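Protein chains in written order, with the entry's author numbering: chain A, 46 to 419; chain a, 46 to 419; chain a', 46 to 419; chain A', 46 to 419. A prime marks a further copy of an entry chain. Note that CB positions come from ideal geometry on N, CA and C, so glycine has one too.
Take a look at the structure:
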């Protein structure tokens, strides 16, 4: 069964895939900043931090247990319980699961609209170290999928696991069906040896052992090209056989039910190609891309506006999600051709003269490297 | 069969998908405001408030429970029971379900068209805090699908749930059908053992235990390459076998009935591409987008003109929804080429000049990085 | 079923393929460094050290055993326990498995973010040599796939094996199914010989030996064009035959289950083209490349920024991975044509000059042999 | 069985193909050098050596036995036990198998990082000649596939055979299945002759010989257009027939299992064309090319950097692997057209004037022969 729903995660592989395919596919797409003077220093600082495996782990724990929290370490000399100040920087991030976070203090001031969230968070990392209190501005809380408000307050504000009992049992019964299919194959044919007066033999005596040894020895040497001899007055040899048919489609239907309840396309979970059509599964993968972007817009972004203000001193910035459908080299060159022809087809006597022209070609054509100029 | 809609929602997964696919995919499309001098500050404010998860949750509860109420809080100076006057008005927002809203005060002024609808609302969130009264202009009431006026006045002006009785039992009997299919698979064949004088053993005795242990041991050691021996005079061994055929078609028909009743097309509810066609799923997707566009135009907009007048201080503005169907990097580049060559064709015969061509190209080609000027 | 993962790995072939297809195909793709004045010396150093087989082996052991440690040795002047200072730092490298690494010293300095992780490592390669201690900065720890934090701290900070229990028994029962199929084929038909009074011969006597020799001799001399003669009064000859149907489909379903559990697509694990479609395998390959790209971005890079700062002395550099999908001689020539005609289109309107066009063309068209100069 | 796994190689043809298709396909592709003044003198010296059959044999022995070694003969007057000097040339190479190489001396100097490999190799060529000792810099060691470090040190640093027991038995059972199919075809129909009182005839007497001679003679003259006559009171003639069906697909499944375990595509091992699709197997052959290049990058290259430094006095050189997918004459000419048009389309007033233009057209267009000039 599920038990702590941790054993089910680290034992079965279907649950592993169902809970993991979304986070890294979501995070490896990448993002670009806008309104900033330049992004290469941002890129260098980002991969100098090299903190995204912790982000992936936090997202996975949020999807599995229903909630996860990440703590931000700031070089400010002030106490971590006191709130941050503008202009502070970041040097590291550490991740916790749902069971390591508990509520400590609550504020309900009428005039201040901040009421409705615990002011001070209490963390218990374990590993024989002292628990400590954290301000609400220091850390961030990651949540899973939405649940009813009654159940939401019943779980102390925590979400719900992605492995609900319907999916759990839909995954479970497939193994039972597979075992039944294996047993059905094993029991395809049975041979019965009828002997007159076989009940007179003493139990577990040398006569019975010799009889069953002879039976086994004759059983090994039988076959299509080999015959056996039996008595005609006291022995009978008959074979009862049963057919096997229709089980592959039954297992396919079970897998389709698992796919339907999971919410992910069959190409990603069954890892199968239909083979009956050339380029129709491109629509399938773009549908999967649509659903993963849909999931991203509600979960990945809050981490973005929680982390960017601590990393860049620029005033106003916006976040843009790059379309994760990356094109192939042939088309890439053709699109660069199209853009470079379009940016300069009539601008020779039109609005786009030099300085906006270079800026336009820099963005839509990242292939054309160019030093900073006008 | 199911009594509490919340338990059925957070227990089953199909109901969760049916409730959730529409609102979040609706909201993640986005929108653009027209008639405003510049758009960057609009996006800056929109992602500064970052209030879209509450909107998604309110829409989900409006769909599920049949009613929801979003509460808008402003930075006024007087009591929240009194009406409002123009101002910044935005620093936060909260949502509530149907069960926490109650009508307490009503007016019927014939001269003013405002009669026939309540003016003061009572909210009782619970959690050991005092309920507080709200003026009508401050908050908005979100409703689901239309019902007969008699039932509307019977339900205290609240809509019905999207999980109707027919949908409920159509979901319910699918699990019964799957359990029956598994049971049918389990009983494909049965082996019957007949013994003369087997009814004389006392129940729960040593002889019966030994007999059943022997039967089990013989059962585990049979198969294709193994044979068994029996006494010809007294006992017999026979096997009864059945067949399985047509069950996957029956289950597929049940799923088809569920799809027909739900109203969401198969690629969204089954996650199974047909595979027998190249590009016929374009029509399926566009039909889905027509459905979600109808739902958006009938439900999402009221929040838009309830919130936008409080956001911006402009006298006049309009809201229109873009085609949601997202193009990919290639064909959007082709569109950009066509647009840029078409706009320059009609401006060289001294019909139109550059000052309006700037905005005409900016509206349709955001890829072209343009600053503001001549 | 299998106890030791190493014995199962070096015994079976499917496990070998599952472990090995990802890391070596990942590494043989290669990479390119950016921000460096010239690239020839980079390749000269890279193939002078020729340390990629050790990287492949370390990745394979990280995948299999759940953990691996690569040891980097530098040309410093002091003891290897002390930290390092900038220098050439590269003359060799060696790798070790999970079983040869142990934690002995730990620090918990709260002020420094370096707490929570070990600083000195103990390696015990064996082979009758003294174990030696290593500073943290000298070596790197390679990990496999994520596990629950409770299990992570239970396993002394080591990951889990990629051969989970479900994958193990899915591999195991396939061989049982194949053996059952062979046994079923062997027993397609059986010939039964009945003789009156055949039970009166003493066991291991001359008469019995002669009888069985005669039976064998008659058995080897039968067929379509040969007949046998028996006594009508006493003995009889009968043949019992069965059928075989649906076994290949059952075996294919078992392979499909193995493919679904493994996570690698059929062309890589079955080496069997579908044959019923023209160019649908492009989507299969690109899905595989998406998977291996995710694996690369999550696992290969840490070695890259662990080793590259020790390789080059440049202050700033960046690492990006090319699209792995290799084009062939024709379409790459078409890409070169498009690139060369597009780059010359935007440099004739006095927008950009030759000094940067040189590098722009050099980055995208290595085929054009360019020296360095104006 | 396998025995010395040499008899299995030189008796069965499937093992022959599995172990041989990779080496010569890998080596006949060829390679070109870069950074050298000219390569035609290199080409002439290379085919003057004519040493590649020994390389193919060494690779085959490495793949089969798990390890092989090649010895380099140098014209230096110094003793072969002493290390080589820079500037020495090569005149011949000789190949040995795994059993002709043994370890003689080991060095473990702490300061020198060369420890970890035997300093002096002892070779025992046999053929009644005296074994001799070799320095480690003189020779090269070729290894097969990776194995666990415990097994690696258990086999004195030698790899593993490509014919593991799983592949061995997968190859073996196919022959058993073929023999069973032949027997099943042979036993398709049996005719039984029943005679009353046939047991009274004396054994091996003239009466029995005459009876069986008559039976055979009647058996030869039977047929569709021929009838036989039997007595009605003492003779019976009956025919028992069994059908054959489903065995070709069973053998096909066995071959597919062999293909899957082998790791090579079915087109190369089954030597079959699907016939249901025009140009889909081009993807199959390019996948095979991908895997053979993948195998090449880890095994062929070390011989390249072991042999090139002894053949060329040029300082710095690099190795490039030519794409083994060779195009057809029609496309070849079209690609030459494309390159010659691309190299000169805008360079008339651009960077590429004369001397880099000729060098560019020399490389990408080897068809255009040209004498050395500017």
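Helix, strand or coil at residue i according to DSSP, with G and I counted as helix
| i | result |
| --- | --- |
| residue 57 of chain a' | coil |
| residue 360 of chain a | coil |
| residue 138 of chain A' | strand |
| residue 252 of chain A | helix |
| residue 281 of chain A' | strand |
| residue 72 of chain a | helix |
| residue 276 of chain a | strand |
| residue 155 of chain A | coil |
| residue 261 of chain A | helix |
| residue 421 of chain a | Residue 421 of chain a is absent from the structure shown; chain a starts at 46 and stops at 419. |
| residue 395 of chain a | coil |
| residue 227 of chain a' | helix |
| residue 370 of chain A | coil |
| residue 323 of chain a | coil |
| residue 355 of chain A' | helix |
| residue 50 of chain a' | helix |
Cross-strand partners of residue i (DSSP beta bridge)
| i | result |
| --- | --- |
| residue 147 of chain a | a/167 |
| residue 286 of chain a' | a'/234 |
| residue 271 of chain A' | A'/268 |
| residue 79 of chain a' | a'/363 |
| residue 116 of chain a | a/139 |
| residue 239 of chain A | A/281 and a/275 |
Residue range of the beta strand (DSSP E) that includes residue i
| i | result |
| --- | --- |
| residue 188 of chain a' | 185-188 |
| residue 406 of chain a | Element bounds for residue 406 of chain a: not the beta strand (DSSP E) but the alpha helix (DSSP H), 399-409. |
Residue interval of the alpha helix (DSSP H) (run including residue i)
| i | result |
| --- | --- |
| residue 108 of chain A' | 97-110 |
| residue 179 of chain A | Here residue 179 of chain A belongs to no alpha helix (DSSP H); instead the beta strand (DSSP E) covers 177-180. |
| residue 379 of chain a | 374-390 |
| residue 306 of chain a | 292-307 |
| residue 121 of chain a | Note, residue 121 of chain a: premise wrong, no alpha helix (DSSP H); not H, not E. |
| residue 87 of chain A' | 85-94 |
| residue 344 of chain A' | 326-352 |
| residue 312 of chain A' | 311-314 |
Meets three-Cβ-pair contact criterion under 8 Å: the region 174-190 of chain A and the region 99-119 of chain A: yes
Any 3 or more C-beta pairs closer than 8 Å across the region 241-260 of chain A' and the region 265-279 of chain a': yes
Inter-stretch contact at 8 Å, needing at least 3 Cβ pairs: the region 87-102 of chain A' / the region 370-383 of chain A': no
Validate contact between the region 56-71 of chain A' and the region 52-72 of chain a using beta carbons, cut 8 Å, 3 pairs: no
Inter-stretch contact (C-beta, 8 Å, three-pair minimum) for the region 311-318 of chain a' and the region 322-330 of chain A': yes
Any 3 or more C-beta pairs closer than 8 Å across the region 278-292 of chain A' and the region 222-236 of chain A': yes
Completely contained beta strand (DSSP E) runs for the region 195-223 of chain a', where each covers 3 or more residues: none
At least 3 beta-carbon pairs within less than 8 Å: the region 347-359 of chain A vs the region 345-352 of chain a: no
The region 214-229 of chain A' contacting the region 285-297 of chain A', beta-carbon criterion three pairs below 8 Å: yes
Meets three-Cβ-pair contact criterion under 8 Å: the region 175-186 of chain A and the region 206-219 of chain A: no
Contact the region 380-396 of chain a' vs the region 381-392 of chain A': 3+ CB pairs below 8 Å: yes
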